[PDB]
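Chemist: Quick one, work-v7.cif (mmCIF, C-alpha atoms and all ligand atoms):
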```cif
data_model
#
loop_
_atom_site.label_atom_id
_atom_site.label_comp_id
_atom_site.auth_asym_id
_atom_site.auth_seq_id
_atom_site.Cartn_x
_atom_site.Cartn_y
_atom_site.Cartn_z
CA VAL A 2 -8.20 -45.18 -37.21
CA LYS A 3 -11.85 -45.42 -38.31
CA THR A 4 -13.05 -43.37 -41.30
CA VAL A 5 -16.19 -41.33 -40.99
CA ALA A 6 -18.34 -39.98 -43.79
CA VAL A 7 -19.59 -36.63 -42.50
CA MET A 8 -22.61 -34.56 -43.52
CA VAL A 9 -22.70 -30.95 -42.41
CA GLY A 10 -26.15 -29.56 -42.96
CA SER A 11 -25.17 -25.99 -43.86
CA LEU A 12 -23.45 -24.32 -46.83
CA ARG A 13 -23.08 -20.76 -45.52
CA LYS A 14 -19.67 -19.21 -44.93
CA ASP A 15 -19.90 -18.73 -41.20
CA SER A 16 -21.89 -21.89 -40.41
CA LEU A 17 -21.81 -22.88 -36.76
CA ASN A 18 -22.36 -26.51 -37.68
CA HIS A 19 -19.26 -26.31 -39.89
CA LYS A 20 -17.36 -24.84 -36.91
CA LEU A 21 -18.69 -27.74 -34.78
CA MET A 22 -17.46 -30.23 -37.39
CA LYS A 23 -13.96 -28.81 -37.12
CA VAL A 24 -14.10 -28.89 -33.30
CA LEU A 25 -15.16 -32.57 -33.41
CA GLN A 26 -12.52 -33.40 -35.99
CA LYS A 27 -9.82 -31.93 -33.78
CA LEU A 28 -11.09 -33.79 -30.71
CA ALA A 29 -11.21 -37.00 -32.70
CA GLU A 30 -7.87 -36.70 -34.48
CA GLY A 31 -5.94 -39.96 -34.30
CA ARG A 32 -9.05 -42.07 -33.75
CA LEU A 33 -11.48 -40.86 -36.46
CA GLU A 34 -10.65 -39.63 -39.92
CA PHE A 35 -13.40 -37.41 -41.30
CA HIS A 36 -14.32 -37.19 -44.96
CA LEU A 37 -16.96 -34.66 -45.96
CA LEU A 38 -19.87 -35.71 -48.09
CA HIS A 39 -20.49 -32.87 -50.52
CA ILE A 40 -24.19 -32.78 -50.15
CA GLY A 41 -24.47 -29.26 -51.61
CA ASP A 42 -23.22 -30.61 -54.93
CA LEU A 43 -26.19 -33.02 -55.32
CA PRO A 44 -29.07 -32.06 -57.62
CA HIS A 45 -32.57 -32.41 -56.28
CA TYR A 46 -33.45 -36.08 -56.34
CA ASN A 47 -34.86 -37.11 -59.73
CA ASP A 48 -35.11 -40.78 -60.56
CA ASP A 49 -34.76 -40.04 -64.31
CA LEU A 50 -31.13 -38.98 -63.68
CA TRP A 51 -30.06 -42.58 -63.05
CA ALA A 52 -29.88 -42.83 -66.89
CA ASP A 53 -26.66 -40.84 -66.57
CA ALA A 54 -25.85 -40.63 -62.90
CA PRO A 55 -24.46 -37.33 -61.63
CA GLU A 56 -20.80 -37.57 -60.59
CA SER A 57 -21.74 -36.04 -57.26
CA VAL A 58 -24.12 -38.91 -56.56
CA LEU A 59 -21.55 -41.53 -57.48
CA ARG A 60 -18.94 -39.89 -55.26
CA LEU A 61 -21.39 -39.64 -52.37
CA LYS A 62 -22.17 -43.34 -52.48
CA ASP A 63 -18.52 -44.35 -52.95
CA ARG A 64 -17.43 -42.37 -49.89
CA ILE A 65 -20.21 -43.71 -47.65
CA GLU A 66 -19.48 -47.28 -48.75
CA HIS A 67 -15.78 -46.88 -48.14
CA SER A 68 -16.22 -45.33 -44.70
CA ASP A 69 -16.46 -47.21 -41.40
CA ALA A 70 -19.15 -44.87 -40.06
CA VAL A 71 -21.40 -41.90 -40.73
CA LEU A 72 -21.73 -38.64 -38.75
CA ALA A 73 -24.39 -36.02 -39.38
CA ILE A 74 -24.00 -32.53 -38.01
CA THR A 75 -27.27 -30.63 -38.49
CA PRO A 76 -28.81 -27.26 -37.90
CA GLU A 77 -32.51 -26.96 -37.12
CA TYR A 78 -34.77 -25.24 -39.62
CA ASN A 79 -38.42 -24.88 -38.60
CA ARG A 80 -38.14 -27.65 -36.02
CA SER A 81 -36.65 -30.27 -38.26
CA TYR A 82 -33.44 -30.74 -40.23
CA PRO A 83 -32.60 -29.30 -43.68
CA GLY A 84 -33.94 -30.91 -46.81
CA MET A 85 -30.47 -30.92 -48.32
CA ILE A 86 -29.57 -33.68 -45.86
CA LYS A 87 -32.67 -35.75 -46.66
CA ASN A 88 -31.88 -35.34 -50.39
CA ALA A 89 -28.44 -36.87 -49.75
CA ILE A 90 -29.90 -39.66 -47.67
CA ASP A 91 -32.34 -40.52 -50.49
CA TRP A 92 -29.73 -40.37 -53.29
CA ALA A 93 -27.43 -42.80 -51.50
CA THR A 94 -30.18 -45.36 -50.92
CA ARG A 95 -30.56 -45.77 -54.69
CA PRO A 96 -30.67 -47.49 -57.12
CA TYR A 97 -33.11 -49.95 -55.57
CA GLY A 98 -31.11 -52.76 -53.98
CA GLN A 99 -28.02 -50.54 -53.58
CA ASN A 100 -28.51 -48.77 -50.27
CA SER A 101 -25.11 -47.38 -49.32
CA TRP A 102 -26.13 -46.60 -45.75
CA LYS A 103 -27.07 -50.15 -44.75
CA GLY A 104 -25.28 -51.39 -41.67
CA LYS A 105 -23.19 -48.26 -41.15
CA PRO A 106 -22.69 -47.17 -37.53
CA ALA A 107 -23.97 -43.63 -37.26
CA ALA A 108 -24.35 -40.70 -34.96
CA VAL A 109 -26.06 -37.34 -35.04
CA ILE A 110 -25.12 -34.05 -33.43
CA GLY A 111 -25.89 -30.37 -34.21
CA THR A 112 -25.90 -26.84 -32.92
CA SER A 113 -28.07 -23.78 -32.75
CA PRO A 114 -27.53 -20.36 -31.24
CA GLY A 115 -30.75 -21.06 -29.27
CA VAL A 116 -31.04 -23.14 -26.13
CA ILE A 117 -32.84 -26.01 -27.86
CA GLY A 118 -29.54 -26.92 -29.55
CA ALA A 119 -31.16 -28.32 -32.67
CA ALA A 120 -32.78 -31.15 -30.68
CA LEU A 121 -35.91 -31.40 -32.82
CA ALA A 122 -33.86 -31.57 -36.04
CA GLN A 123 -31.63 -34.19 -34.45
CA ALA A 124 -34.45 -36.42 -33.37
CA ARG A 125 -35.93 -36.42 -36.86
CA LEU A 126 -32.56 -37.04 -38.49
CA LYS A 127 -31.81 -39.93 -36.13
CA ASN A 128 -35.15 -41.46 -37.13
CA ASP A 129 -34.64 -40.97 -40.85
CA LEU A 130 -31.09 -42.37 -40.80
CA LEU A 131 -32.33 -45.33 -38.68
CA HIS A 132 -34.98 -45.96 -41.38
CA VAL A 133 -32.25 -46.36 -44.05
CA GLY A 134 -30.51 -49.06 -42.08
CA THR A 135 -27.81 -47.34 -40.08
CA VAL A 136 -26.87 -48.62 -36.66
CA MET A 137 -27.75 -45.41 -34.84
CA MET A 138 -26.06 -44.22 -31.67
CA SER A 139 -28.38 -42.54 -29.22
CA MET A 140 -26.20 -41.66 -26.23
CA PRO A 141 -25.01 -39.22 -25.26
CA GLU A 142 -27.49 -36.71 -26.58
CA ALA A 143 -25.69 -33.64 -27.89
CA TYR A 144 -28.09 -30.71 -28.26
CA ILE A 145 -25.46 -28.01 -28.43
CA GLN A 146 -26.26 -24.37 -27.83
CA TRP A 147 -23.40 -22.59 -29.58
CA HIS A 148 -21.35 -20.20 -27.43
CA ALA A 149 -18.62 -18.53 -29.45
CA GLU A 150 -16.54 -17.87 -26.35
CA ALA A 151 -16.25 -21.60 -25.64
CA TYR A 152 -14.10 -22.20 -28.76
CA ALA A 153 -10.82 -20.89 -30.24
CA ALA A 154 -10.08 -20.01 -33.86
CA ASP A 155 -8.16 -23.27 -34.37
CA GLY A 156 -11.16 -25.37 -33.27
CA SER A 157 -9.87 -25.96 -29.74
CA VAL A 158 -12.49 -26.02 -26.98
CA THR A 159 -11.45 -23.46 -24.40
CA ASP A 160 -14.40 -24.02 -22.02
CA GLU A 161 -13.69 -27.05 -19.85
CA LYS A 162 -17.32 -28.12 -19.35
CA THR A 163 -17.98 -27.96 -23.07
CA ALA A 164 -14.78 -29.83 -23.87
CA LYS A 165 -15.71 -32.64 -21.44
CA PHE A 166 -19.17 -32.90 -22.98
CA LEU A 167 -17.97 -33.02 -26.58
CA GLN A 168 -15.17 -35.38 -25.70
CA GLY A 169 -17.79 -37.68 -24.17
CA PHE A 170 -19.68 -37.69 -27.46
CA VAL A 171 -16.49 -38.43 -29.45
CA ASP A 172 -15.42 -41.21 -27.07
CA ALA A 173 -18.88 -42.77 -27.27
CA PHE A 174 -18.87 -42.64 -31.04
CA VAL A 175 -15.45 -44.29 -31.27
CA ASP A 176 -16.68 -47.08 -28.99
CA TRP A 177 -19.95 -47.34 -30.92
CA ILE A 178 -18.15 -47.82 -34.20
CA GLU A 179 -15.85 -50.47 -32.69
CA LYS A 180 -18.73 -52.44 -31.20
CA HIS A 181 -21.38 -52.05 -33.93
CA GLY A 182 -19.43 -51.70 -37.16
CA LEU A 183 -18.79 -54.48 -39.62
CA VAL B 2 -62.72 -19.49 -56.89
CA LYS B 3 -59.96 -20.00 -54.32
CA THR B 4 -56.34 -20.05 -55.47
CA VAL B 5 -54.05 -22.84 -54.33
CA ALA B 6 -50.27 -22.87 -54.32
CA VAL B 7 -49.33 -26.47 -55.08
CA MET B 8 -46.16 -28.41 -54.32
CA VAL B 9 -45.62 -31.62 -56.21
CA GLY B 10 -42.77 -33.55 -54.67
CA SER B 11 -41.39 -35.18 -57.79
CA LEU B 12 -39.60 -33.87 -60.89
CA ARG B 13 -39.49 -37.03 -63.00
CA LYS B 14 -41.26 -37.33 -66.35
CA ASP B 15 -43.77 -40.00 -65.49
CA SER B 16 -44.38 -38.97 -61.85
CA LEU B 17 -47.48 -40.47 -60.29
CA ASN B 18 -47.75 -37.53 -57.92
CA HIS B 19 -47.81 -35.23 -60.94
CA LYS B 20 -50.59 -37.37 -62.45
CA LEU B 21 -52.43 -37.12 -59.13
CA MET B 22 -52.04 -33.32 -59.19
CA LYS B 23 -53.74 -33.24 -62.61
CA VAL B 24 -56.56 -35.54 -61.40
CA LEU B 25 -57.18 -33.28 -58.41
CA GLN B 26 -57.00 -30.15 -60.53
CA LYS B 27 -59.64 -31.57 -62.89
CA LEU B 28 -61.93 -32.55 -60.02
CA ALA B 29 -61.50 -29.06 -58.47
CA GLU B 30 -61.83 -27.00 -61.65
CA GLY B 31 -64.21 -24.07 -61.06
CA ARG B 32 -63.73 -24.11 -57.28
CA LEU B 33 -59.92 -24.18 -56.88
CA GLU B 34 -57.37 -22.66 -59.18
CA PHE B 35 -53.99 -24.40 -58.89
CA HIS B 36 -50.66 -22.64 -59.35
CA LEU B 37 -47.53 -24.77 -59.18
CA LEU B 38 -44.71 -23.75 -56.88
CA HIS B 39 -41.48 -24.35 -58.71
CA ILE B 40 -39.65 -26.16 -55.99
CA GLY B 41 -37.19 -27.89 -58.32
CA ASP B 42 -35.90 -24.43 -59.32
CA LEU B 43 -34.84 -23.52 -55.77
CA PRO B 44 -31.19 -23.82 -54.84
CA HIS B 45 -30.28 -25.65 -51.64
CA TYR B 46 -31.09 -23.36 -48.76
CA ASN B 47 -28.12 -21.05 -48.01
CA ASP B 48 -28.73 -18.06 -45.76
CA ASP B 49 -25.91 -16.14 -47.49
CA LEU B 50 -28.03 -15.90 -50.64
CA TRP B 51 -30.40 -13.41 -49.04
CA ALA B 52 -27.80 -10.81 -49.98
CA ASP B 53 -29.04 -11.24 -53.53
CA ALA B 54 -32.16 -13.35 -53.23
CA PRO B 55 -32.65 -15.97 -55.94
CA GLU B 56 -35.48 -15.12 -58.28
CA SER B 57 -36.95 -18.60 -57.75
CA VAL B 58 -37.17 -17.91 -54.02
CA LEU B 59 -38.81 -14.54 -54.53
CA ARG B 60 -41.39 -16.10 -56.88
CA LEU B 61 -42.08 -18.95 -54.51
CA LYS B 62 -42.87 -16.60 -51.65
CA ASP B 63 -44.90 -14.25 -53.85
CA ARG B 64 -47.09 -17.12 -55.12
CA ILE B 65 -47.67 -18.53 -51.64
CA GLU B 66 -48.56 -15.08 -50.26
CA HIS B 67 -50.96 -14.37 -53.08
CA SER B 68 -52.75 -17.76 -52.81
CA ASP B 69 -55.71 -18.54 -50.60
CA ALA B 70 -54.35 -21.98 -49.69
CA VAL B 71 -51.52 -24.50 -50.03
CA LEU B 72 -51.66 -28.12 -51.25
CA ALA B 73 -48.74 -30.54 -51.06
CA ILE B 74 -48.73 -33.73 -53.11
CA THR B 75 -45.89 -35.93 -51.98
CA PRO B 76 -44.20 -39.25 -52.71
CA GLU B 77 -42.57 -41.24 -49.95
CA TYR B 78 -38.81 -41.72 -49.98
CA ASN B 79 -37.38 -43.92 -47.22
CA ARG B 80 -40.44 -43.47 -45.03
CA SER B 81 -40.57 -39.68 -45.16
CA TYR B 82 -41.11 -37.00 -47.78
CA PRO B 83 -38.50 -35.60 -50.21
CA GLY B 84 -35.99 -33.04 -49.02
CA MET B 85 -36.80 -30.83 -51.98
CA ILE B 86 -40.17 -30.09 -50.34
CA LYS B 87 -38.54 -29.24 -46.97
CA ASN B 88 -36.10 -26.99 -48.82
CA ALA B 89 -39.06 -25.07 -50.27
CA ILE B 90 -40.74 -24.89 -46.90
CA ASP B 91 -37.63 -23.42 -45.32
CA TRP B 92 -36.95 -20.90 -48.09
CA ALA B 93 -40.46 -19.47 -47.81
CA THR B 94 -40.24 -19.02 -44.02
CA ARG B 95 -37.41 -16.56 -44.47
CA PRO B 96 -36.14 -13.88 -43.99
CA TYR B 97 -36.78 -13.97 -40.28
CA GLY B 98 -40.09 -12.23 -39.60
CA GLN B 99 -41.35 -12.96 -43.12
CA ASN B 100 -42.90 -16.42 -43.02
CA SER B 101 -45.01 -16.72 -46.17
CA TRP B 102 -46.84 -19.86 -44.90
CA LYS B 103 -48.32 -18.29 -41.79
CA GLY B 104 -52.08 -18.67 -41.54
CA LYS B 105 -52.49 -20.39 -44.91
CA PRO B 106 -55.05 -23.21 -44.99
CA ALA B 107 -53.24 -26.33 -46.14
CA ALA B 108 -53.76 -29.96 -47.06
CA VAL B 109 -51.48 -32.88 -47.82
CA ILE B 110 -52.05 -35.84 -50.11
CA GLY B 111 -49.71 -38.24 -51.97
CA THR B 112 -49.41 -41.54 -53.77
CA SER B 113 -47.19 -44.56 -53.99
CA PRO B 114 -47.42 -47.70 -56.10
CA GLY B 115 -47.29 -49.58 -52.75
CA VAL B 116 -50.21 -50.11 -50.41
CA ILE B 117 -48.92 -47.69 -47.76
CA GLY B 118 -49.89 -44.86 -50.12
CA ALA B 119 -47.16 -42.51 -48.93
CA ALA B 120 -48.73 -42.35 -45.43
CA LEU B 121 -45.43 -42.00 -43.52
CA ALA B 122 -44.31 -39.16 -45.81
CA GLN B 123 -47.69 -37.47 -45.45
CA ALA B 124 -47.69 -37.62 -41.65
CA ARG B 125 -44.24 -35.97 -41.52
CA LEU B 126 -45.13 -33.35 -44.09
CA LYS B 127 -48.36 -32.47 -42.25
CA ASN B 128 -46.30 -31.99 -39.07
CA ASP B 129 -43.62 -29.85 -40.78
CA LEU B 130 -46.17 -27.64 -42.50
CA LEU B 131 -48.10 -27.30 -39.22
CA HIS B 132 -44.85 -26.16 -37.59
CA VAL B 133 -44.54 -23.27 -40.11
CA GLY B 134 -47.96 -21.96 -39.24
CA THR B 135 -50.34 -23.41 -41.76
CA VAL B 136 -53.90 -24.24 -40.77
CA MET B 137 -53.62 -27.92 -41.59
CA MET B 138 -56.50 -30.04 -42.73
CA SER B 139 -56.41 -33.56 -41.38
CA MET B 140 -59.58 -35.25 -42.75
CA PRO B 141 -60.00 -37.11 -44.92
CA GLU B 142 -56.80 -38.99 -44.89
CA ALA B 143 -55.70 -39.72 -48.45
CA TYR B 144 -53.02 -42.41 -48.55
CA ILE B 145 -53.42 -43.26 -52.19
CA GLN B 146 -52.10 -46.53 -53.65
CA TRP B 147 -51.81 -45.66 -57.33
CA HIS B 148 -53.72 -47.92 -59.72
CA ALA B 149 -53.15 -46.84 -63.32
CA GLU B 150 -56.39 -48.46 -64.46
CA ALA B 151 -58.44 -46.12 -62.22
CA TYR B 152 -57.50 -43.03 -64.27
CA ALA B 153 -57.76 -41.88 -67.87
CA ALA B 154 -55.16 -40.03 -69.93
CA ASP B 155 -57.06 -36.75 -69.57
CA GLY B 156 -56.96 -36.98 -65.74
CA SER B 157 -60.50 -38.28 -65.40
CA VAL B 158 -61.13 -40.85 -62.67
CA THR B 159 -62.71 -43.84 -64.31
CA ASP B 160 -63.04 -45.96 -61.14
CA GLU B 161 -66.19 -44.86 -59.27
CA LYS B 162 -64.94 -45.71 -55.75
CA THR B 163 -61.71 -43.80 -56.35
CA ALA B 164 -63.57 -40.84 -57.83
CA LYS B 165 -65.88 -40.64 -54.81
CA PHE B 166 -62.88 -40.77 -52.47
CA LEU B 167 -60.87 -38.10 -54.25
CA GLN B 168 -63.98 -35.93 -54.70
CA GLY B 169 -64.43 -36.21 -50.92
CA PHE B 170 -60.92 -34.90 -50.39
CA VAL B 171 -61.47 -32.00 -52.81
CA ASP B 172 -64.86 -31.10 -51.25
CA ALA B 173 -63.32 -31.18 -47.77
CA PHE B 174 -60.44 -28.96 -48.88
CA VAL B 175 -62.79 -26.39 -50.47
CA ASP B 176 -64.79 -26.25 -47.23
CA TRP B 177 -61.59 -26.10 -45.18
CA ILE B 178 -60.35 -23.11 -47.08
CA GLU B 179 -63.71 -21.32 -46.81
CA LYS B 180 -63.86 -21.87 -43.04
CA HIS B 181 -60.22 -21.41 -42.07
CA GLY B 182 -58.80 -18.98 -44.61
CA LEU B 183 -58.30 -15.23 -44.21
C1 LIG A 201 -34.93 -21.31 -42.48
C2 LIG A 201 -34.35 -21.23 -41.11
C3 LIG A 201 -35.08 -21.87 -40.15
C4 LIG A 201 -34.63 -21.90 -38.85
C5 LIG A 201 -33.34 -21.28 -38.51
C6 LIG A 201 -32.63 -20.63 -39.49
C7 LIG A 201 -33.11 -20.61 -40.79
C8 LIG A 201 -32.34 -19.84 -41.82
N1 LIG A 201 -32.88 -21.33 -37.20
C9 LIG A 201 -31.63 -20.69 -36.80
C10 LIG A 201 -30.43 -21.52 -36.93
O1 LIG A 201 -30.33 -22.27 -35.72
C11 LIG A 201 -29.18 -20.67 -37.07
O2 LIG A 201 -29.29 -19.81 -38.23
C12 LIG A 201 -27.98 -21.57 -37.19
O3 LIG A 201 -26.84 -20.71 -37.00
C13 LIG A 201 -27.89 -22.21 -38.56
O4 LIG A 201 -26.84 -23.19 -38.61
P1 LIG A 201 -25.46 -22.82 -39.36
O5 LIG A 201 -24.86 -21.69 -38.56
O6 LIG A 201 -25.72 -22.38 -40.75
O7 LIG A 201 -24.66 -24.10 -39.29
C14 LIG A 201 -33.52 -22.11 -36.27
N2 LIG A 201 -32.99 -22.30 -35.10
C15 LIG A 201 -33.61 -23.04 -34.24
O8 LIG A 201 -33.03 -23.25 -33.18
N3 LIG A 201 -34.73 -23.71 -34.51
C16 LIG A 201 -35.38 -23.58 -35.68
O9 LIG A 201 -36.48 -24.17 -35.89
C17 LIG A 201 -34.77 -22.70 -36.67
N4 LIG A 201 -35.29 -22.54 -37.90
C1 LIG A 202 -35.15 -42.89 -53.02
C2 LIG A 202 -36.52 -43.53 -53.10
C3 LIG A 202 -37.06 -43.93 -51.94
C4 LIG A 202 -38.30 -44.50 -51.93
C5 LIG A 202 -39.04 -44.68 -53.19
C6 LIG A 202 -38.44 -44.32 -54.39
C7 LIG A 202 -37.21 -43.74 -54.37
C8 LIG A 202 -36.56 -43.36 -55.67
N1 LIG A 202 -40.29 -45.28 -53.14
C9 LIG A 202 -41.07 -45.52 -54.35
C10 LIG A 202 -41.93 -44.40 -54.75
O1 LIG A 202 -43.13 -44.62 -54.04
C11 LIG A 202 -42.22 -44.49 -56.24
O2 LIG A 202 -40.99 -44.45 -56.99
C12 LIG A 202 -43.14 -43.34 -56.59
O3 LIG A 202 -43.71 -43.64 -57.89
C13 LIG A 202 -42.40 -42.02 -56.68
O4 LIG A 202 -43.34 -40.95 -56.84
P1 LIG A 202 -43.44 -40.23 -58.30
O5 LIG A 202 -43.97 -41.32 -59.21
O6 LIG A 202 -42.07 -39.80 -58.75
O7 LIG A 202 -44.39 -39.10 -58.10
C14 LIG A 202 -40.87 -45.53 -51.93
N2 LIG A 202 -42.12 -45.94 -51.89
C15 LIG A 202 -42.69 -46.11 -50.73
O8 LIG A 202 -43.87 -46.43 -50.74
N3 LIG A 202 -42.11 -45.90 -49.56
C16 LIG A 202 -40.82 -45.54 -49.47
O9 LIG A 202 -40.23 -45.39 -48.40
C17 LIG A 202 -40.11 -45.29 -50.74
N4 LIG A 202 -38.83 -44.89 -50.75
#
```
Just dump the structure as structure tokens.
Modeler:
Amino acid sequence: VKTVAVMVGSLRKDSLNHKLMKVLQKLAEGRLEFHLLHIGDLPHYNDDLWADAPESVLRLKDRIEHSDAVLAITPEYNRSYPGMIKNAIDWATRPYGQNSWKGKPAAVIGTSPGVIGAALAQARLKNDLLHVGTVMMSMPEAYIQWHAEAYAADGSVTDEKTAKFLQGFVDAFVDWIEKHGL
Amino acid sequence: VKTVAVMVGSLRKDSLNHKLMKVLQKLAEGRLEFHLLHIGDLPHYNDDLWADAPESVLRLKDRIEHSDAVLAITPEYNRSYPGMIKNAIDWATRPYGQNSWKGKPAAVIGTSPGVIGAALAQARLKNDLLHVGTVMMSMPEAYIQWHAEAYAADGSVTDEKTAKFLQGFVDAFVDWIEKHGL
């Protein structure tokens, strides 16, 4: 089993990206073990805080470093991804010389109720995670328009086409981690 | 005098982007009146909070709406701009139908100790502010490598070449607001 440090780019109760995380976790059970990064617990980045580092920042870095891979699951806000994710990215690259992300196999996925499926957010997040040294998966693209009727309450995917698609993403990520991980 | 809602993308005590804000404010005094947007006081975006909107969010939107223009002064973190700025951007676009940024003349500037002068951050921030409906100034580019010896403690620019350059940016922004504002 490979461990995955997961960022979900939404805090709200009924987040679709949180639902997507659970769907992916269920599809991946037995092959990937997800551990959430608690990005909502991070203060806004402030370099002065390294004098007494926030526990949340220490925990963030420890989990990334102890995980085999990274997965980001992002909504799209105003045609890019949420700042809360970028704030987490930046915290874990520091202190200088201590970039936790370096060399980690990564992937990005996300969902929107709209047909664009968070594609613009995803492209930007792929670029920004590439620029902190991750080994970034590109295929298959997964710009998911959320359809509530395609999923069950337990996270099962009831729609066969959607299940095949998401399974293809999971399978690719498993293979990506095996090939490109440390 | 035109009013300007200003974002400074750093919270730390000795921030160079904060020093740059004060330099620009001094150069612009009498023509532009700066009002800081308190982006460090915003919680991480969470759509659930609109049920009881945070005061910081309400103040942010009110100041943007009541200003003639917007100025962002950004550092570069891992080849883009800080998430705290994107978080502010997203808050002020909401609720749906109530985008405070729409039609506002805007400009972006920033500084780094390195020679790249926060250019990658600035390009991304220009794009993200364009995508929320600002009327975005592009010229002159201002990718400022910070040189402490070029500035005095009162914000004066002691280096003549630097003063001419930053005055050019301020003059262009005043004209931009006059031409492109409401
Ligand atoms: C500030 C802000 C900005 C945007 C959005 C929302 C909000 C609040 N939404 C809608 C978004 O896709 C929808 O609310 C998702 O359901 C949010 O993801 P979670 O459900 O919270 O995971 C959105 N959707 C979209 O497809 N493209 C976009 O650019 C935006 N922009
Ligand atoms: C997490 C993080 C990431 C980066 C930086 C710093 C930190 C803490 N810095 C350096 C940055 O330019 C320098 O610290 C500036 O002085 C920060 O701006 P303020 O001085 O806080 O306004 C930096 N500089 C740069 O030119 N390009 C970059 O990609 C980054 N990345």
Chemist: Listed atoms of ligand LIG 201 (chain A), axis-aligned box, 3 Å per side: centre and edge lengths to one decimal in Å, as lines of an AutoDock Vina configuration file?
Modeler:
```
center_x = -30.6
center_y = -22.0
center_z = -37.8
size_x = 17.8
size_y = 10.4
size_z = 15.3
```
Chemist: Show me a table, sorted first by chain and then by increasing residue number, of the residues of chain A having an atom at most 9 Å from ligand LIG 202 (chain A), each with its shortest atom pair and the distance in Å to one decimal, counting all atoms listed in the file and written as CSV.
Modeler:
```
residue,atom,partner,partner_atom,distance
A:46,CA,A:LIG202,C1,7.8
A:47,CA,A:LIG202,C8,7.6
A:48,CA,A:LIG202,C8,5.7
A:88,CA,A:LIG202,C1,8.6
A:90,CA,A:LIG202,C1,8.2
A:91,CA,A:LIG202,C1,4.5
A:92,CA,A:LIG202,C1,6.0
A:93,CA,A:LIG202,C1,7.9
A:94,CA,A:LIG202,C1,5.9
A:95,CA,A:LIG202,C1,5.7
A:96,CA,A:LIG202,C8,7.3
A:97,CA,A:LIG202,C8,7.4
A:132,CA,A:LIG202,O9,8.8
```
Chemist: Identify, counting only C-alpha atoms and all ligand atoms, the protein, DNA and RNA residues located within 7 Å of ligand LIG 201 (chain A), and give them as a list in words.
Modeler: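 Taking only C-alpha atoms and all ligand atoms into account, the residues around ligand LIG 201 (chain A) at most 7 Å away are residues 10, 11, 12, 13, 15, 16, 17, 18, 19, 76, 77, 78, 79, 80, 81, 112, 113, 114, 115, 117, 118 and 119 of chain A; 48, 91, 92, 94 and 95 of chain B.
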Chemist: Between B:137, B:126, B:85, B:167, single out the one closest to chain A, counting all atoms listed in the file.
Modeler: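 Comparing B:137, B:126, B:85, B:167 against chain A, the winner is B:85.
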Chemist: Quick one: pull the distance between CA of residue 42 in chain A and CA of residue 65 in chain A, Å, one decimal.
Modeler: 15.3 Å
Chemist: Go through A:135, A:123, A:68, A:100 and flag the residue nearest residue 86 in chain A, using all atoms listed in the file for the distances.
Modeler: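 That would be A:123, the residue with the smallest distance to residue 86 in chain A.
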Chemist: Just the number, please: distance in Å from CA of residue 43 in chain A to CA of residue 55 in chain A, one decimal.
Modeler: 7.8 Å
Chemist: So how many Å separate CA of residue 133 in chain A and CA of residue 2 in chain A, to one decimal?
Modeler: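 Between these atoms lies a distance of 25.0 Å.
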Chemist: Give me the residues near range 169-174 of chain B as a PDB file with C-alpha atoms, in the coordinates of the input, where near means some atom within 9 Å (using all atoms listed in the file) and where sequence neighbours in that chain fewer than 6 positions away do not count.
Modeler:
```
ATOM      1  CA  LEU B  25     -57.180 -33.280 -58.410  1.00  0.00           C
ATOM      2  CA  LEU B  28     -61.930 -32.550 -60.020  1.00  0.00           C
ATOM      3  CA  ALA B  29     -61.500 -29.060 -58.470  1.00  0.00           C
ATOM      4  CA  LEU B  33     -59.920 -24.180 -56.880  1.00  0.00           C
ATOM      5  CA  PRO B 106     -55.050 -23.210 -44.990  1.00  0.00           C
ATOM      6  CA  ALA B 107     -53.240 -26.330 -46.140  1.00  0.00           C
ATOM      7  CA  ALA B 108     -53.760 -29.960 -47.060  1.00  0.00           C
ATOM      8  CA  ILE B 110     -52.050 -35.840 -50.110  1.00  0.00           C
ATOM      9  CA  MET B 138     -56.500 -30.040 -42.730  1.00  0.00           C
ATOM     10  CA  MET B 140     -59.580 -35.250 -42.750  1.00  0.00           C
ATOM     11  CA  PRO B 141     -60.000 -37.110 -44.920  1.00  0.00           C
ATOM     12  CA  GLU B 142     -56.800 -38.990 -44.890  1.00  0.00           C
ATOM     13  CA  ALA B 143     -55.700 -39.720 -48.450  1.00  0.00           C
TER      14      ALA B 143
END
```
Chemist: From the set A:154, A:89, A:136, A:72, which residue has the shortest atom-to-atom contact distance to chain B, counting all atoms listed in the file?
Modeler: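 Smallest separation from chain B among the options: A:89.
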Chemist: Using all atoms listed in the file, which residues sit within 12 Å of residue 27 in chain A once same-chain residues fewer than 5 positions away are excluded, as number ranges by chain?
Modeler: A: 20-22, 32-35, 152-158, 164, 167-168, 171
Chemist: Taking (-14.8, -46.1, -35.7) in the file's own coordinates, collect the residues within 7 Å, counting only C-alpha atoms, and hand them back as a list in words.
Modeler: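 Residues lying no farther than 7 Å from the given point: residues 2, 3, 4, 33, 69, 70, 175, 178 and 179 of chain A.
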Chemist: Looking at A:41, A:166, A:71, A:26, which one is nearest to chain B, with distances taken over only C-alpha atoms?
Modeler: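 Closest candidate: A:41.
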Chemist: Between A:6, A:130, A:24, A:109, which one has atoms that come closest to chain B, using all atoms listed in the file?
Modeler: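 Once distances to chain B are computed over all atoms listed in the file, the minimum belongs to A:130.
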Chemist: Which one is closest to residue 45 in chain A: B:128, B:121, B:87, B:149? Count all atoms listed in the file.
Modeler: B:87
